[PDB]
Structures are given as structure tokens and as C-alpha cells.
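Peer 1: Fold the following and give me the result.
(6 chains)
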Amino acid sequence: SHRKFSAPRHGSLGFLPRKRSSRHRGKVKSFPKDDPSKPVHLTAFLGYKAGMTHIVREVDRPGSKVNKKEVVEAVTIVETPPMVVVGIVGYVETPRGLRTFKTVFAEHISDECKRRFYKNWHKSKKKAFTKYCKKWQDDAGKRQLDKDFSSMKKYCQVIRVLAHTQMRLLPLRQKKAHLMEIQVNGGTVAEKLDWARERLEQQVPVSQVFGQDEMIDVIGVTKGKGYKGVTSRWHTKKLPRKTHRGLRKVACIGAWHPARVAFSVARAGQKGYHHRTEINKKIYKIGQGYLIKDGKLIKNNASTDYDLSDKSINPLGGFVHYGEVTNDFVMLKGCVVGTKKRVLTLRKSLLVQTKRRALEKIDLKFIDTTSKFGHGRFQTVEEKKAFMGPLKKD
Amino acid sequence: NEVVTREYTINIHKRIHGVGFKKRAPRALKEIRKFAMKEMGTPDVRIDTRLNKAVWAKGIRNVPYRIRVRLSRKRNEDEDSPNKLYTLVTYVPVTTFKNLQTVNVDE
Amino acid sequence: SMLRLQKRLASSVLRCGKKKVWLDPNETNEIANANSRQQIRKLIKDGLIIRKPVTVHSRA
RNA sequence: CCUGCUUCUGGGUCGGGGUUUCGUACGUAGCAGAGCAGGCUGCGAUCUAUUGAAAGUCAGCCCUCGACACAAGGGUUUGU
RNA sequence: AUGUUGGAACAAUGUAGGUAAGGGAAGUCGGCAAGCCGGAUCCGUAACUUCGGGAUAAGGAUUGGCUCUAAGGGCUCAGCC
RNA sequence: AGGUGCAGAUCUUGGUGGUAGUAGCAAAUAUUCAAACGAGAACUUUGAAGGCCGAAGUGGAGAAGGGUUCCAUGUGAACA
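Peer 2: Numbering: from 1, shown residues only, chains lettered A, B, ... in the order given. Right below this line is the structure:
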């Protein structure tokens, strides 16, 4: 017979293969398309999740109940050290799809990027790119490099760039940088190729790629949760207490003449560690890293127009399970996919952003830098000192 | 050189965080044998009975968080075995663990 | 060695259970060849096997 | 699956601060203490000061480069 | 010496225990299960009745520690136990 | 001349497979260190520590029933 009372199915089938991700770094499945009118620019960046905190800002949306009112928003902290460009790649375009044409690397590659080409750095002799770097000090080598560059002028349609993150500036335990192809969108192929040739072995800060109050896309891997049942993974109804063979299950799975159990039925398996792509994330603030001028360093990353306090975004005792943020960072509205120390892919939007929400500028009023290692109640260390006063240990 | 005796303090609390009540003390002796093979890498580890009394002094559930250990490597005597060196582990009663480094004591 | 016979014999002579019976762990070879209550009594005088004191149940 | 395993540098252990949880430790002194028994002394729950004190604090928190050893390793395969 | 073995892990489903913000049976054939009350002292206790009961009906208050006071006894009026 | 020919009868007897080195060795809080012995020690013996039975016991003796299971020595062929 038919089902007595209709109800929508549990779980979307668009994220059906709930397996462990074959990759750990987020992958850009579709880069933004390019038009020759725009200048050359980067379209993707790679960051690392630090933590989350509050924010205070003024809302300037017309016609609302919350217009000209102070709100709080959950914001993510993604520490984003600048990249080092180590190579470029060209793509000829085929009737069978998109095919890579030629990959050209730098003359000398930093050892942070050399970590990626080895499964075991301790036992290896670090012999990668040793004969490839001999091509840059012979006259036949330079003519071959220019012939390879001239070949990409003619045949390549899409040009990406190979850039890697900088583990030396991050407080993470690992030292192995993550390589990433970033599509360069801009003018014609020729000036696109010349711009990436100049940018070789150069620092690429975040401000070149992204800006404030801009829709971006976050790509990353879900927090791992291991093997889980249908009640946790698929959020099915719990069976009553009187069930004999258990109650955290799926009661009726399939019909009889459907002699095979279907692919659309909720079954137990791996939950979490799934590759995801979240869109329409708002950048409230692109921060600045620690920098030293006139002897002392500058750390007023949490300073706003009204706070004017020299505190940083690092809370009291630092970020929980991450470390301290010393490099420049981006502040994204709402929670993002992935756990602490998770590599995160930042990407420009694939859609034309013309809305009241996506074009609203943000003016920060107060950034909460209280301790997240419990119920914190102090913004800065010296504010607590002025309240607590002297202690026994003084 | 090879006969080296030195003081050590072990944070038992951080090596027991997670196990059940009926195995806290039986586990607690394991990271003392495991600790002894780390600095002086001798598989033959003998722990003194007074150390076993100190760990079991609060029963099987409550274990002292910090404990002071004289961890000494000595020559293996007759009934010859491939481990030509062994490590003797001795309990050291110390009232407080504030400002205790690893003291390299002498003979 | 193996000393369940001596502990059983030391239980009967001293008129108490084997809980309170203490054998010397260093003179094990001397205790092991007793095999009789007469030589068990000699080990009592020699101090090798000693009755353990009664556990306190203080009324204070 | 994701990391590290000597550029006198790396991590590990301990320790020190930061953060945080609970709530003011033992001992001492008090003419504070319902009072009680022989110039004061003995008992007295509790209170006060030492005392936001004492205790815990990554095992999956944060900075040390304070002290200590350890670290150029062991074994098995892979050819156009 | 832990009931005819151990060690390492702490995934789902289990079996046995618990805790849950707001609602309080809307769940279910059905308050199934779970949960509330609970000892003692002082008040108070209905309809009905075969006057024996109902009845610990129902419904209220108190409970710790310390320091004192009073009362309840034997041996020759006071002393001593 | 016959007790003369099997593929079956949920046939009889006997032997061997897949399952499968799988289900399982999860009712009653708990074991740890050192020494002895031994070729071999998580399980044997001794000492110490931490626990349980908590006198309606996991204690000390009986009746029925069992019948050498009681004691000493030795063994680790078969069982535990």
C-alpha cells in the first residue's frame, strides 16, 4: 500500500557518496570564468582555520526592524599568510575536456615547498629539482625556457599559477606546505603569461586577491566523526523503547519486489570528513599581521574606529587548539567547514553579486578578544590587572 | 658515561587522562616502565617495590599527579641476556613539585 | 620452590589462619625442607617464621 | 588518512608564565565566639587576618628556547 | 583472586546504569517503561461502613553541628556510684 | 545355482569439506611490584601493596549423596 502520511526524505542525495575525502586540501572544482576586459588577478587563496569570536557592527539595511541597531555576529578567524609562487601551468583545450599543456617551475624552490614532494623527509636526500635548477645557468636552457613560454602564448587557453603556503610563519606542528593551482583571470593570454612570469618567486599577500565586504566561497573538508549510525549521519526517527533488536536504526528499509536494497535508503557508514563547498560568505575585515617598526611591533589587529585599543584578535591564552595568529588574516561571517588547523580554500564567487545583503558595507565597532578557554570575562590582560589588582605572587 | 643516575619527575596525570577506574593504577605503572626506556634505552626495566607502594598509596582509582623518580642505569649481572644494561627505578619522596628540574645526581 | 605445606603446618601449630603466617623470603631453602611439625617448631624458635600481629580495630 | 624525525638546529620531558575551573588550603594568631570549669588559664561548633588563598590546568589549550638528556638511526622492496 | 584466558584500542549497533534547557502523556491499544513520595517527631485526616475500619487517608511544619539547662535512679538528710 | 549390478528412498554405518581460523572463550568491582624455581612465568611458591566475601560469609563443622576425591613425593604423555 501507500505511505499513510507523507513526509520529506531524510538527507540530500546530492551529497550521496558520504565517504572519506580522497583529498585533505580543498579543491576548486570550478574556477570563476574570465573576460578579457578585466585586469589580471588571482581567483583563489588558501587559508587555515584559527577560531571564532563575536563582533559588534552597525546594520544599514533599509526597511528592517533591525535598521540602525547594534548586533552580534559569529565570525571565523582564518590566518592567511602570503604565498610564494613557485611555478605556472598552461592548459590547452581539447574536445575531450581540459588538458594540461606544460608545467614550468621556478629556478630555485624554497624547502617549505620541497616538503610536499616527499613522503619521508628524514630519510630522503632532498634531491628534488636538482637537475631542473641546472637549466637556468646554461644558454641552451634559457632559450628552451623562452621556447616553452612562447609555446604557451600560442596554444594555451587557460593559465593557472602554482603557489604554496608558508608553514614557517604559522604555529602549526607540520612544516609541509600545500601546493595549489590558482586560475589567473584577466586579459588575453599574452599579458596573462607575462604577469605570472614576473610574479615568480614573489610574495603574494591576501589584499591582492580579496577585498572587504566581498562574497567569497569556502572549500574544505568536514570535521571527522568516524563510523556512525543512521540516527547520527542521516537524522532518522528513533524507534520506540519496546523494540527488541534496537531502536537507533531504520525500521523498514525496502519493499519485496524491489529485490535489491536501494541507493536512496539511509544506511550506516562514515560520517564527517566530507569535501564541501560553502558559498556566499561575507568578509567583514581583512586584517594585518604582526610587523615591527621603530623598534616595537604593531599588534592592534582588533582595533576599530571606536575601540582604539591596541589588543590583537588573539584571545586571552591564545586560540584554543590552534595557537596564536601572527600573520594577516581574513574575518568571515558565520561558521565555516573544518576543524582547527584545517586547511581552507578561499575562492571568489561564481555568481554576480547584486543584492542588498552582498553590497552592504561593514563598520566594526567592537571585537571580542576574551578568553575562549572557558567563560572569559576580560578583553585584554592589562584590563584584568586593573580589576584584579595586585596578587599574592607580587 | 654508561652508568648514569639522574632525577626525574613524571606527570602521571597527563598519561592517565582517559582510562577507566579499574585500570588507572595498573596503567600507571606502565608509563613508568615506558618512561624508563625513553631516556636510558634499556628494555630490562626493574622498578623498586617502594615505587609500587607510592603509586598504589591512594588505591586503584586515585593516582598522584606528579611523582619524583631517581632513574638509574646499571650493569646487568650474571645469567647473561642480550640486554647487557638494565635500569633501576627508585621512588624519591619530595614534599613539593614546584620548581623541580631533572637533576643529574652523582655517585 | 613451593611452600604450601609449610604454611599449612605453620597455621596449625600457631593456632591461627595462614593470613597471619609470615615466612621469611630470604631463607626459602631452609624452610622448604621442613616437611614435619617438629622441624616447624624449630623454625619458630629460630625466628624464620613469625606470627603476624593482629590488625587494629581501634575503638578510640 | 594527516604530520615530525640536526642549517648548533629539531622536537621530546620537566619547569616557568598566560588562560581557565572551583572558591579563601594546612599551620599560626585573635579579648570574635552561645558559653562552660578551675591573674588568667583549659574546652568550644563557627568567624576574622595571613588568603581572589590552596588545588587542577592537555593528555587533543597558548608562549617559552629556562634545565635535561636524545636526534645524522634500525629492517623490507622497487629499473626504461 | 574476580569465577573455563589476556593485551591494545573506545566506531556504530547492542546489554546494564545515569543526566537532560522549555512543554508535561500532546507518545502509545493502554502512564509500558521510567519518574514522584519515602525514615522519624509534632499537627491534621473526608465520603462510606458490616462501626471493627478506611488511615501512614488526603494535606502541613521540623530534622545538621556545637554550647548549655531541666526531668526521669541505686548504696549509707548530705555524700558516693 | 544365487543373499548377483545403485544416484537418490528427509536410506543405514563410517569418514571428510565450505561455513571458518568464523560465532565465541563478556553474570557476581581488581589487580600491581620485587624475589625464588625452572629450558620456558600473566596464571607455580614467598614477601609487600591495593581490594572483595562483611558472622543470614567466598568463614568453621555435619546428614544424604560421592568412594580414595584425604596426605607426601614426582611428571608436564592425555584432561583442566
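Peer 1: give me the element the nearest residue to residue A:83 once chain neighbours are set aside is part of.
Peer 2: With CB to CB, 6 or more residues apart in numbering or on different chains as the criterion, residue A:83 has its nearest non-adjacent residue at 4.1 Å, and that residue is residue A:163. All C-beta spots, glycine's among them, are computed from the backbone N, C-alpha and C. When secondary structure is defined by DSSP states H and E, residue A:163 falls within strand A:158-164.
Peer 1: Share the number of residues neighbouring the residue nearest to residue A:83, please.
Peer 2: Neighbour count for residue A:163, taken as other CB atoms under 10 Å in any protein chain shown: 26.
Peer 1: Give the full set of residues in contact with it.
Peer 2: By CB atoms under 8 Å, 6 or more residues apart in numbering or on different chains, residue A:163 lies in contact with A:83, A:84, A:85, A:86, A:179, A:180, A:182, A:204.
Peer 1: In strands, which of the residues you listed appear?
Peer 2: Filtering the contacts of residue A:163 for membership in strands, criterion DSSP state E, returns A:83, A:84, A:85, A:86, A:179, A:180, A:182, A:204.
Peer 1: ok, of the residues you listed, which come out buried?
Peer 2: A:83, A:84, A:85, A:86, A:180, A:182, A:204 (16 or more other CB atoms under 10 Å in any protein chain shown).
Peer 1: Strands along chain B, start to end?
Peer 2: Taking DSSP E as the criterion, chain B carries its strands at B:5-11, B:45-47, B:66-75, B:85-92.
Peer 1: Show me what the second one is packed up against.
Peer 2: Applying 3 or more CB pairs under 8 Å, 6 or more residues apart in numbering or on different chains; DSSP states H and E, one finds that strand B:45-47 makes contact with helix B:30-39, strand B:85-92.
Peer 1: near RNA strand D, which residues of the stretch 201-350 of chain A?
Peer 2: Within the stretch 201-350 of chain A, the positions near RNA strand D by CB under 7 Å from any atom of the strand are A:316, A:317, A:318, A:319, A:320, A:321, A:322, A:323, A:324, A:339.
Peer 1: Also chain B?
Peer 2: Where proximity means CB under 7 Å from any atom of the strand, the interface of chain B facing RNA strand D comprises B:6, B:8-11, B:13-15, B:17-18, B:38-39, B:65-66, B:96-102, B:104.
Peer 1: mind redoing it with 6 Å?
Peer 2: Selection of chain B residues close to RNA strand D by CB under 6 Å from any atom of the strand yields B:9, B:11, B:13-14, B:17-18, B:39, B:65-66, B:97-102, B:104.
Peer 1: what's the farthest-apart pair in those residues?
Peer 2: B:18 and B:104 (32.3 Å; CB to CB).
Peer 1: Which stretches in chain C count as helices?
Peer 2: Taking DSSP state H as the criterion, chain C contains helices spanning C:4-13, C:28-32, C:37-46.
Peer 1: Of those, give the one that comes closest to RNA strand E.
Peer 2: For the helices of chain C, the distance to RNA strand E is smallest for helix C:4-13, at 10.7 Å, taking CB to the nearest atom of the strand.
Peer 1: so the closest one versus helix C:37-46, what angle?
Peer 2: Angular relation of helix C:4-13 and helix C:37-46 on a 0 to 180 degree scale: 80 degrees, by axes from the mean of the first three to the mean of the last three CA atoms, to 10 degrees.
Peer 1: Helix C:4-13 packs against which elements?
Peer 2: Helix C:4-13 sits against strand C:21-23, helix C:37-46, with contacts defined as 3+ CB pairs under 8 Å, 6+ apart.
Peer 1: hmm, 10 Å instead?
Peer 2: Applying 3 or more CB pairs under 10 Å, 6 or more residues apart in numbering or on different chains; DSSP states H and E, we find helix C:4-13 packed against strand C:21-23, helix C:28-32, helix C:37-46, strand C:49-51.
Peer 1: does RNA strand E sit close to that helix?
Peer 2: No. Where contact is defined by CB under 6 Å from any atom of the strand, no part of helix C:4-13 touches RNA strand E; the two come within 10.7 Å at best.
Peer 1: Could you check that helix and say which residues are buried?
Peer 2: By neighbour count, and taking 16+ other CB under 10 Å as the criterion, the buried residues in helix C:4-13 are C:6, C:9, C:10, C:13.
Peer 1: Export the helices and strands packed on helix C:4-13 to CSV and append columns for mean neighbour count and distance to RNA strand E.
Peer 2: Formatted as CSV, the helices and strands packed on helix C:4-13 follow (neighbours: other CB atoms under 10 Å in any protein chain shown; distance: least, CB to the nearest atom of the strand, whole Å):
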stretch, mean neighbour count, distance to RNA strand E
strand C:21-23, 17, 14
helix C:28-32, 14, 20
helix C:37-46, 14, 22
strand C:49-51, 17, 19
